[PDB]
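Peer 1: Let me give you the structure first, and then I'll get to my questions.
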Amino acid sequence: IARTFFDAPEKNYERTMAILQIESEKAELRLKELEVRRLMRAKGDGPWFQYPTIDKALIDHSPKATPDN
Amino acid sequence: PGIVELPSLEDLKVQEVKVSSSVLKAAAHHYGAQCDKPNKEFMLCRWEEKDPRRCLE
């Protein structure tokens with residue numbers, strides 16, 4: 001029975017170790033993503049939460065009809 | 001904020017061209033032809049400095 005159907009205890013041991021490593025990595029990445037999102041929302045210096053502003057390529061630079069501008 | 005600086009009343013004192021609009025219009029072409037250099041210098045200073053206090057002279 002243990003030879004045909006069942007799995008070796010070493011296989012289950014090392015498989016559980018692999019699963020635990022992957023899931024701990026995922027949990028740490030989730031917590032880091034939460035902290036990054038909070039910091040980017042608070043400070044606004046990152047690539048996220050970049051609300052748009054007025055593009056400065058629209059400003060006319062040629063001399064106008066009045067000098068005082 | 002700051003204090004705006006204005007020239008004194010003696011610096012704005014000059015004798016004027018006391019002629020009417022039609023007197024200016026009759027000789028407008030010859031005035032543009034003959035007196036062009038100081039007029040264009042003043043206009044360049046005006047459009048560059050964007051400040052009449054820097055173009056008073």
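Every chain in the structure tokens has a letter given in the order shown (A, B, ...), and although residue numbers restart at 1 in each chain, ligands are simply numbered from 1 in the order shown.
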Would you write out, as JSON lines, a table of all residues in chain B that have an atom no more than 10 Å from an atom of chain A, listing for each the closest atom pair and the distance in Å to one decimal, considering only C-alpha atoms and ordering rows by chain and rising residue number?

Peer 2:
```
{"residue": "B:43", "atom": "CA", "partner": "A:67", "partner_atom": "CA", "distance": 8.6}
{"residue": "B:44", "atom": "CA", "partner": "A:67", "partner_atom": "CA", "distance": 9.4}
{"residue": "B:45", "atom": "CA", "partner": "A:67", "partner_atom": "CA", "distance": 9.5}
{"residue": "B:46", "atom": "CA", "partner": "A:67", "partner_atom": "CA", "distance": 6.1}
{"residue": "B:47", "atom": "CA", "partner": "A:67", "partner_atom": "CA", "distance": 4.7}
{"residue": "B:48", "atom": "CA", "partner": "A:67", "partner_atom": "CA", "distance": 7.8}
{"residue": "B:49", "atom": "CA", "partner": "A:67", "partner_atom": "CA", "distance": 8.6}
{"residue": "B:50", "atom": "CA", "partner": "A:68", "partner_atom": "CA", "distance": 5.0}
{"residue": "B:51", "atom": "CA", "partner": "A:68", "partner_atom": "CA", "distance": 6.9}
{"residue": "B:52", "atom": "CA", "partner": "A:68", "partner_atom": "CA", "distance": 8.6}
```

Peer 1: If DSSP is run on the backbone, what residues of chain A are helix (DSSP H, G or I)? A reply as a short mmCIF file (atom, residue, chain, number, x, y, z; two decimals) with N, CA and C atoms, in the first residue's frame would be ideal.

Peer 2:
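So the final result, stored in states.cif, reads:
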```
data_model
loop_
_atom_site.label_atom_id
_atom_site.label_comp_id
_atom_site.auth_asym_id
_atom_site.auth_seq_id
_atom_site.Cartn_x
_atom_site.Cartn_y
_atom_site.Cartn_z
N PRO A 9 7.20 10.29 2.95
CA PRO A 9 7.18 11.40 3.91
C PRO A 9 8.15 12.52 3.56
N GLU A 10 9.30 12.19 2.96
CA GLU A 10 10.25 13.21 2.53
C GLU A 10 9.66 14.09 1.44
N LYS A 11 8.90 13.49 0.52
CA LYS A 11 8.28 14.27 -0.55
C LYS A 11 7.28 15.27 0.02
N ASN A 12 6.45 14.83 0.96
CA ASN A 12 5.49 15.74 1.59
C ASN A 12 6.20 16.82 2.40
N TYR A 13 7.29 16.45 3.08
CA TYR A 13 8.06 17.42 3.87
C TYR A 13 8.63 18.53 2.99
N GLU A 14 9.32 18.16 1.92
CA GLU A 14 9.95 19.17 1.08
C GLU A 14 8.93 19.92 0.24
N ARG A 15 7.82 19.27 -0.13
CA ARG A 15 6.74 19.97 -0.81
C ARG A 15 6.11 21.02 0.08
N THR A 16 5.89 20.69 1.36
CA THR A 16 5.36 21.66 2.31
C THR A 16 6.32 22.82 2.51
N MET A 17 7.63 22.53 2.53
CA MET A 17 8.61 23.61 2.66
C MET A 17 8.57 24.55 1.46
N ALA A 18 8.44 24.00 0.25
CA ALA A 18 8.33 24.85 -0.94
C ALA A 18 7.07 25.71 -0.91
N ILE A 19 5.94 25.12 -0.51
CA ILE A 19 4.68 25.85 -0.44
C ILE A 19 4.77 26.97 0.58
N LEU A 20 5.38 26.69 1.74
CA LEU A 20 5.52 27.70 2.78
C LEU A 20 6.40 28.86 2.33
N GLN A 21 7.49 28.56 1.62
CA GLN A 21 8.35 29.63 1.13
C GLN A 21 7.62 30.53 0.14
N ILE A 22 6.87 29.92 -0.80
CA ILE A 22 6.14 30.71 -1.79
C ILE A 22 5.09 31.59 -1.11
N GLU A 23 4.34 31.03 -0.16
CA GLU A 23 3.28 31.80 0.47
C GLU A 23 3.81 32.89 1.39
N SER A 24 4.94 32.65 2.06
CA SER A 24 5.54 33.71 2.87
C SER A 24 6.04 34.85 1.99
N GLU A 25 6.61 34.52 0.83
CA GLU A 25 7.02 35.56 -0.12
C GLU A 25 5.82 36.38 -0.59
N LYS A 26 4.71 35.71 -0.88
CA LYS A 26 3.51 36.42 -1.33
C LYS A 26 2.96 37.34 -0.25
N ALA A 27 2.94 36.88 1.00
CA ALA A 27 2.43 37.70 2.10
C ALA A 27 3.31 38.93 2.33
N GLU A 28 4.63 38.75 2.27
CA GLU A 28 5.53 39.89 2.44
C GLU A 28 5.36 40.90 1.31
N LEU A 29 5.18 40.41 0.08
CA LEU A 29 4.95 41.31 -1.05
C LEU A 29 3.64 42.07 -0.91
N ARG A 30 2.60 41.41 -0.39
CA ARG A 30 1.32 42.10 -0.18
C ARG A 30 1.45 43.21 0.85
N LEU A 31 2.15 42.94 1.96
CA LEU A 31 2.34 43.98 2.97
C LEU A 31 3.17 45.14 2.44
N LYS A 32 4.22 44.84 1.67
CA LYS A 32 5.04 45.90 1.09
C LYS A 32 4.24 46.74 0.10
N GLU A 33 3.35 46.10 -0.67
CA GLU A 33 2.51 46.85 -1.60
C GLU A 33 1.56 47.78 -0.86
N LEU A 34 1.01 47.32 0.26
CA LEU A 34 0.15 48.19 1.07
C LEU A 34 0.91 49.40 1.59
N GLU A 35 2.12 49.18 2.10
CA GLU A 35 2.92 50.29 2.62
C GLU A 35 3.31 51.27 1.52
N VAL A 36 3.68 50.75 0.34
CA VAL A 36 4.04 51.59 -0.79
C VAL A 36 2.85 52.43 -1.24
N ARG A 37 1.66 51.83 -1.30
CA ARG A 37 0.46 52.56 -1.70
C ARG A 37 0.15 53.69 -0.72
N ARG A 38 0.29 53.41 0.58
CA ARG A 38 0.05 54.45 1.58
C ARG A 38 1.04 55.61 1.45
N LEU A 39 2.32 55.29 1.24
CA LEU A 39 3.33 56.34 1.12
C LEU A 39 3.14 57.17 -0.15
N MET A 40 2.80 56.51 -1.27
CA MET A 40 2.59 57.24 -2.52
C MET A 40 1.36 58.13 -2.44
N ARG A 41 0.31 57.67 -1.76
CA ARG A 41 -0.86 58.53 -1.58
C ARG A 41 -0.54 59.72 -0.69
N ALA A 42 0.27 59.51 0.35
CA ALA A 42 0.56 60.60 1.28
C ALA A 42 1.47 61.65 0.65
N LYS A 43 2.53 61.22 -0.03
CA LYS A 43 3.55 62.14 -0.52
C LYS A 43 3.31 62.60 -1.95
N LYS A 56 2.30 72.36 -20.28
CA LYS A 56 2.93 73.65 -20.54
C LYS A 56 3.35 73.82 -21.99
N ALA A 57 3.10 72.84 -22.85
CA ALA A 57 3.38 72.98 -24.28
C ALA A 57 2.34 73.82 -25.00
N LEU A 58 1.29 74.25 -24.31
CA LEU A 58 0.24 75.06 -24.90
C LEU A 58 0.48 76.56 -24.77
#
```

Peer 1: Quick one: everything within 9 Å of residue B:56, counting only C-alpha atoms, minus sequence neighbours fewer than 4 positions away in the same chain. Send it as an NGL selection string.

Peer 2: :B and (11-12 or 42 or 52)

Peer 1: Would you put the residues from that selection into a file with C-alpha atoms, as a PDB file, in the first residue's frame?

Peer 2:
```pdb
ATOM      1  CA  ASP B  11      12.528 111.575 -13.078  1.00  0.00           C
ATOM      2  CA  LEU B  12       9.190 111.694 -14.929  1.00  0.00           C
ATOM      3  CA  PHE B  42      12.828 102.043 -26.962  1.00  0.00           C
ATOM      4  CA  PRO B  52       8.509 100.990 -17.945  1.00  0.00           C
TER       5      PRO B  52
END
```

Peer 1: Rounded to one decimal place, report the atom CA of residue B:7-atom CA of residue B:53 distance in Å.

Peer 2: 7.2 Å

Peer 1: Could you state the separation of atom CA of residue B:40 and atom CA of residue B:55 in Å, given to one decimal place?

Peer 2: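 Atom CA of residue B:55 lies at a distance of 12.0 Å from atom CA of residue B:40.
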